[PDB]
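A lone chain, given as C-alpha cells: the form deposited without the ligand.
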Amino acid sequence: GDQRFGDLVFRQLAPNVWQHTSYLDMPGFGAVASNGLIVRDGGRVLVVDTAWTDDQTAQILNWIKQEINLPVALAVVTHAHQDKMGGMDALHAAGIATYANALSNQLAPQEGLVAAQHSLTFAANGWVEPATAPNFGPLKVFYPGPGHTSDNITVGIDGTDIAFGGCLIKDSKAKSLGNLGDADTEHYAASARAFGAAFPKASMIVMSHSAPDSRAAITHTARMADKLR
C-alpha cells in the first residue's frame, strides 16, 4: 500500500488518514525513516510532524495539493528534534499555522530548529488544554510524561482506531529505544504505558521509526524501558 512521491512515501491508514515518510542518510549507520500523519477533516487538512528537511516538507505539501487539494489548516509537531521539526520554515512559507508543546518551542532554537507559532499546554493528567489547540478537529493531543524527550507529545485520531506515539513508541520487534541522548530514562516506561492508557481503544499504533503495529508496540516499548530504571 505504499505510494511513492519523489523521495517520500505515503500510506493510507484509514479513509482520511495517511502516513508520511521521509529519510535521512547517516554515513556508517543507514538511512533513517521518520513517519508523521496527514488527516483530512472536512474541507481542511491537518499535519502531524514535518519531514527531516524543508525540501521534504514542501514535498509533503505538494502531495497534499495533488491528492487532496484542500488547505492545510494547521500542523502539530511532536518534539524539538530534526525528524519532527526540521521542516518548520516550509510550513510557515506556505502560510500554515503551527503548534507544539510549549517546551518544544522553548528548546527549538538551541536544537537548531525553528519554533512553532503557537504553544500547547497540558493539564496535570496530560491532556492538552483544549483552548490551546483550537480547530484541532479529530486530533486528540496527549502529553504522556517525559520519555524519548522531556517535551514529547502524542496524538490520537478520533473516529479511527489510530494513535500516534511519535518517537516515544517503537515497534513490537524493535531491538532498541533508538536515540536516548535527550531521554528521561527514569520516567520512560511510565510515559509509554500512559500513552497506551490515554488511547485504550486504539488498535493501530503509528510511530516515528517503524511501520504501524498492534498495541504490542506499547507493551514491548514499555518492557524495554523498564530496563532503563
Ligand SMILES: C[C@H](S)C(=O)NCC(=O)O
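Start at 1 and count along the sequence shown; that's the residue number.
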Mean CA temperature factor from the deposited coordinates, higher in 166 to 174 or in 52 to 60? 166 to 174
Select between 203 to 211 and 18 to 26 the stretch whose C-alpha atoms have the higher average B-factor in the entry. 203 to 211
Among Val32, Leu37, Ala183, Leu70, highest Cα B-factor in the entry goes to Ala183
By its CA B factor, does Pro144 count among the lowest, middle or highest third of the modelled residues in the chain? highest
Looking at the entry's B-factor column for C-alpha atoms only, identify whether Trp127 ranks in the lowest, middle or highest third of its chain. highest
Could you tell me which third, lowest, middle or highest, the C-alpha B-factor of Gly137 occupies within its chain? middle
Is the Cα B-factor recorded for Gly159 in the lowest, middle or highest third of its chain? highest
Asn152: CA temperature factor from the record, placed by chain third, in the middle
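The form deposited with the ligand bound is left out here; the points below concern that form.
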Result of superposing the ligand in the deposited complex onto shown chain, 2.4 Å backbone or C-beta criterion: open
Touches the ligand in the deposited complex: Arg215 (any heavy atom, 4.5 Å): no
Is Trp52 close to the ligand in the deposited complex, meaning a heavy atom pair under 4.5 Å apart or at it? yes
Looking at the partner-bound form in the deposited complex, is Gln82 within 4.5 Å of the ligand by any heavy atom? yes
Counting only non-hydrogen atoms and a 4.5 angstroms cut-off, does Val32 reach the ligand in the deposited complex? yes
Please state whether all three residues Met26, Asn179 and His209 have a non-hydrogen atom within 4.5 angstroms of the ligand in the deposited complex. yes
Please pick, from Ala163, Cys167, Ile60, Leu46, the one residue with any non-hydrogen atom lying within 4.5 angstroms of the ligand in the deposited complex. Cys167
Exactly one stretch in 119 to 127, 154 to 162, 82 to 90, 137 to 145 has heavy atoms within 4.5 Å of the ligand in the deposited complex; which is it? 82 to 90
